[PDB]
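One letter stands for each residue in the lines below.
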Amino acid sequence: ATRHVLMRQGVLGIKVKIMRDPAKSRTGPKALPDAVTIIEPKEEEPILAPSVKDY
Amino acid sequence: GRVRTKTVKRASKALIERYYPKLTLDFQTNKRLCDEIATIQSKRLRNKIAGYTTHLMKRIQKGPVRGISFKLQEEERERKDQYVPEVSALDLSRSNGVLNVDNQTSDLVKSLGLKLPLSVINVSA
Amino acid sequence: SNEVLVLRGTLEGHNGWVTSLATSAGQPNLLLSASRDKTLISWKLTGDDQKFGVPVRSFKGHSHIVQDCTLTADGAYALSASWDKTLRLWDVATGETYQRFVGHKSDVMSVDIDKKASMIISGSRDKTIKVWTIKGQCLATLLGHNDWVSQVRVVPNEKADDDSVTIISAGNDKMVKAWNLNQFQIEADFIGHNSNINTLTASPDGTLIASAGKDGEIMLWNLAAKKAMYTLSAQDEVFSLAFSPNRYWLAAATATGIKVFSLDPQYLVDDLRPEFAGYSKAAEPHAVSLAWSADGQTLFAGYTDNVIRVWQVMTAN
RNA sequence: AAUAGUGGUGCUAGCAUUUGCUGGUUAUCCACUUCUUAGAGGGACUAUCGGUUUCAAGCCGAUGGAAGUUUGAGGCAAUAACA
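Residue labels reflect position in each chain's written sequence, counted from 1, rather than necessarily the entry's numbering. Residues lacking coordinates are not shown. The order in which chains are written sets their letters, starting at A; the order in which ligands are written sets their numbers, starting at 1. All values in this entry refer to the displayed chains, which constitute part of a larger assembly. The basis for every side-chain value is the complete set of non-hydrogen atoms in the structure, without hydrogens or water. Residues with missing side-chain atoms are left out of burial classes, side-chain pairs and their counts.

Its PDB header attributes the entry to cryo-EM and lists the resolution as 3.70 Å.

Below, the structure written as C-alpha cells:
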C-alpha cells in the first residue's frame, strides 16, 4: 500500500497504514488478546426432589 | 519478580462468581474448565488465569470473599447461634431477681409510676 | 464380632496421585495400580506386616494423567484410559501393549469390560459414550448427556447370561442414566442428586446401586424396582465408592477420611483415618481410590502423597 | 524419510582364530524410525508442603520437575527547538 497525491494542495511522499476493526475478520483472529468473555449460565432448578423413574 | 496484572486479577474473580460450585481446589481439573465456560485467546493466558483462582479459592476455606458468597446467605444464616445463650445475660435471675439501680433513677420509675422489684444502693462523689 | 481394620502395609512407588487400583478375581497375589504421574504399576502382594514387596512391572506409554485401569478376572490383560484420547491394550507379563485408539476429543474418563470379553465401553469428557471391539473397532457412538461424564459401570450379570447387560453412567449434569447394550437404548433415568455426581458402584450381586456426588448424597438404587430406598447424607465430599464382594458392607471414600456402612442395619463400624507428620492442620493428605480383596479380606487405599496402605478384615475382639 | 539414518539377509576382505571382533558396497534385498528434519498437538501455573508479613499483595526456603533470575534472548509501540 503506497499511493501518491491527486490533490491540488500538497505534494511529498505520502503514506498510509491500515489496521481495521476485528469484529468481522473471517481470516484468523477476531479479538484482541486481552479480551476475555465468560458465559451467563442459565437459571437453576430449585432442589430436585428424588422422584426416580424406571424405559 | 512476578505479580499478577489486573486483567488476570479482575477476570479471576468474575469466573469465581458465576461458577462457584463447579470449581475445585485442584488446578489440573479446572484448567480443563475455563475453555468451556469462557473464551481465552492464547494458551499461556489461560494457564495464568486458572492459576490464581485456585489460590483464591483456598481463601474461601478460611475466610470470607470480596465478591459475593452464599455462605452469607446460608451458613451465616447458620450463624444465628454465634452463641445464643441458654439463659440471657439480661436476666434478673443473675441479680437474685431484683434490679440494682442508683438513687435518683428510682424516682424516674416512680414518676411514670410502675411497680418493679428493684433495690437501691448508695452513690459516691 | 465386627470388622476391625489394623494397618498391615505401605506402598511407595509413585509421584502423582493414584487414580484407580485393581485386583484380580483369579490371582490374589498382584495389584494393578494407576496414577496421575503417567505410570501404570503392577504389584506383588507379598503378605508381610513390614511392607509388600515388588511392583513387578512399569508401563511407559502415555503423555498425561490416566484415569481408570481394568483387567481380567484371572489377570490376563490390562486397559488404560489417559487424558490424551488414548486407550491401550496391555499384557500382564512383558509390558507390550497392543493397539491405541482414535475415538474422542477429550479425556477418556471411564472404561469397562464385559466378562464375556467382547465389548469395551468408554465414556469420555466430550459428553459422548463409545463402545469398542477386542481388536478395537468402532461400533456405535452414544449421546444423551450435556455435561461431562465421570464413571460408567456394566451390570454384574450373575443370572447365568440371560441376555442381561446394561450400562449405568455417572454424568456431570446431576444425572444418572442407564443404557442397554443388547438393544442400545436408555433404560432408566435416575433423579435426585443436586450437584456434581462423583462416583457410583452397584452391588456385587448387581442388585443394589449406590450413587454419591459432591455434596455427599449417597442415594441407593435397586436393579429392577430402581427406587430411592436409602438416601444417606455423607455430609462431606466423597470421591469414590466401595462394596464388599462377599459381605453386605458398602463403603465410601470421603475427603475427610474413610466411612463404612452395612447394608441392613446401619453400622458405622470404623473411620479408617491414617496418621501423618509435620502439617499445619489445613493440609492433611487424603485418599481418592480404594479397593477390596478378591475375598473381601483385605482393603487397599492409595493417597495423594503416593502411599498405599493395606488392612486385613479380622473379627472384632 | 535413496536429497536423513541405524537393523538384518547377502555377494565380500581381514580374520587370534575356531564360535569371533572390525571392515565390504549400489540397488544384496527386506524390515525399521530411537537419534535427524518438518507439520499437528501437549506441557509451567511459581505447582506442593514449611516459614514470614495489617495474615493482605508478595518475599524467602524446601522436595519434585526438561525447565522455577518476567524460564533464557530479542522484535514491537511518539512527547519534544539539532532547519
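1. Some words on the side chain of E3 of chain C
Residue and element names in this part refer to chain C. Structurally, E3 is set in strand β1 (residues 3-12). Each polar contact in these results corresponds to two N or O atoms within 3.5 Å; when the atoms are within protein, one needs to be able to donate a hydrogen and the other to accept it, and residues that are neighboring in sequence are counted only if both atoms are side-chain atoms. Reaching out from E3, the side chain makes a polar contact with the side chain of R247 at a distance of 2.7 Å. Contacts are assigned to residue pairs with any non-hydrogen atoms lying within 4.5 Å of each other. What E3 contacts, discounting residues up to four positions off in sequence, is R247, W249, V269, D270, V313 and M314. Elements are defined by DSSP. Helices are runs of H or I of four residues or more, strands are runs of E of two residues or more, and each kind is numbered from the N terminus.

2. Considerations on empty space enclosed by the protein
Residue and element names in this part refer to chain C. As a volume, the largest cavity reaches approximately 190 Å³. Here the term cavity refers to a set of points on a 1 Å grid, laid over the protein atoms alone, in which a 1.4 Å probe fits but cannot get out; the term pocket refers to an open set having protein on both sides within 12 Å along at least five of seven lines, with lining residues being those that place an atom within 4 Å of a point. Lining the largest cavity are 17 residues, and of these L5, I258, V260, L272 and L299 lie nearest its centre. Mapped onto the lining of the largest cavity, the elements with two or more residues apiece are β1, β24 (287-292), β25 (298-303) and β26 (307-315). With 3 residues, the top contributor of residues to the lining of the largest cavity is β25. The calculated volume of the second largest cavity comes to roughly 60 Å³. Surrounding the second largest cavity, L79, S80, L87, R88, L89, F101, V111, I120 and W132 form its lining. Grid points are joined across faces, edges and corners, and a volume is the space filled by probe spheres set on the points.

3. Let's talk about the packing of helix α1 (residues 6-18) of chain B against helix α4 (residues 44-60) of chain B
Residues and elements named next belong to chain B. Helix axes use the C-alpha atoms of the stretch in contact, all axes being lines fitted to C-alpha atoms, and the angles between their N-to-C directions lie in the range 0 to 180 degrees. Contact geometry of α1 with α4 gives a least axis separation of 9 Å together with a crossing angle of 60°. As α1 packs across α4, the resulting crossing turns out to be right-handed. For the pair α1 and α4, contact is made by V8, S12, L15 and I16 and by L45, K48, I49, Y52, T53 and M57, respectively. Classifying every residue of the contact of α1 with α4 by side-chain character gives 7 nonpolar, 2 polar and 1 charged. Put simply, a crossing is left-handed when the front helix is turned counterclockwise from the back one by less than a right angle, and right-handed when it is turned clockwise. In this count, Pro and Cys sit with the nonpolar residues alongside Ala, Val, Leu, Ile, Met, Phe, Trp and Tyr, while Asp, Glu, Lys and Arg are called charged and the others, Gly among them, polar.

4. What to know about the protein's contact with RNA strand D
Residue and element names in this part refer to chain B. The full set close to RNA strand D counts 22 residues, and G1, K31, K43, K48 and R59 are the nearest of them. Proximity criterion: a residue is near a molecule or strand once any of its heavy atoms comes within 4 Å of it. Among the atoms of RNA strand D lying within 4 Å of the protein, the sugar-phosphate backbone contributes 75%. Between a phosphate oxygen of RNA strand D and a main-chain N or O atom of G1, the distance comes to 2.4 Å. Breaking the surface near RNA strand D down by element, the ones donating at least two residues are α2 (27-31) and α4. For the surface near RNA strand D, the element with the highest residue contribution is α4, accounting for 8 residues. Of the residues belonging to the surface near RNA strand D, the class tally is 5 nonpolar, 8 polar and 9 charged.

5. Side note on the interface of chain B and chain A
Taken residue by residue, the interface counts 13 residues in chain B and 11 residues in chain A. Once two parts are put together, the accessible area they lose, assessed with a 1.4 Å probe and summed over both, is termed the buried area. Across the chain B/chain A interface, buried area totals approximately 930 Å², and carbon plus sulfur atoms make up 60% of it. When the buried surface of chain B facing chain A is broken down by residue, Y19, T39 and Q41 of chain B rank first, second and third, together holding 43% of it. Salt bridges are defined as contacts in which a side-chain nitrogen from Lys or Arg sits within 4 Å of a carboxyl oxygen from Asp or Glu. Summed over the shared surface of chain B and chain A, the result is 0 salt bridges. When contributions to the side of chain B that touches chain A are tallied by element, the ones reaching two or more residues are α1, β1 (38-40) and α4 of chain B. Residues that form the side of chain B that touches chain A fall into these classes: 9 nonpolar, 3 polar and 1 charged. By definition, two strands form a pair when at least two bridges between them are found by DSSP. Here strand β1 (residues 36-38) of chain A runs beside β1 of chain B; their pairing, made up of 3 bridges, is antiparallel. Of the residues in β1 of chain B, the one forming a bridge with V36 of chain A is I40 of chain B.

6. Digging into the pattern of salt bridges
Inspection of the entire model under this criterion finds 11 salt bridges over all chains. Note that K281 of chain C is salt-bridged to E284 of chain C, the shortest N-O span being 3.2 Å. The class for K281 of chain C is exposed, based on a relative accessible area of 64%. When salt bridges that share partners are traced, they join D54 of chain A together with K226 and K227 of chain C into one network. The rule is simple: take the accessible area with a 1.4 Å probe, protein chains only, and divide by the maximum for that residue type; under 20% is buried, over 50% is exposed, in between is partly exposed.

7. Considering the packing of aromatic side chains
Residues and elements named next belong to chain C. To pair, rings of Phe, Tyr and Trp, with the six-membered ring standing in for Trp, must have centres within 6.5 Å; the planes then decide the type, stacked if under 30 degrees apart, edge-to-face if over 60, and tilted in the middle. On inspection of all chains with the given rule, the structure shows 5 aromatic pairs over all chains. Both rings, one in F101 and one in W132, keep their centres 5.0 Å apart while their planes meet at 80°; by these two values the pair is edge-to-face. With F101 in the loop between β8 (86-90) and β9 (108-113) and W132 in strand β11 (residues 128-132), this pair connects stretches of sequence that are 31 residues apart. In terms of burial, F101 and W132 fall into one category: buried. Counting every residue linked through ring pairs, the aromatic cluster contains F276, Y279 and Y303. In this arrangement the basic side chain of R125 is found over the ring face of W148, its NZ or CZ atom lying 4.6 Å from the centre. Here the guanidinium or amino end of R309 rests over the ring plane of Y303, the centre of that ring lying 4.5 Å away. Throughout this description, the term charge over a ring refers to an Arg CZ or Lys NZ atom that lies within 6 Å of the ring centre and within 35 degrees of the ring normal.

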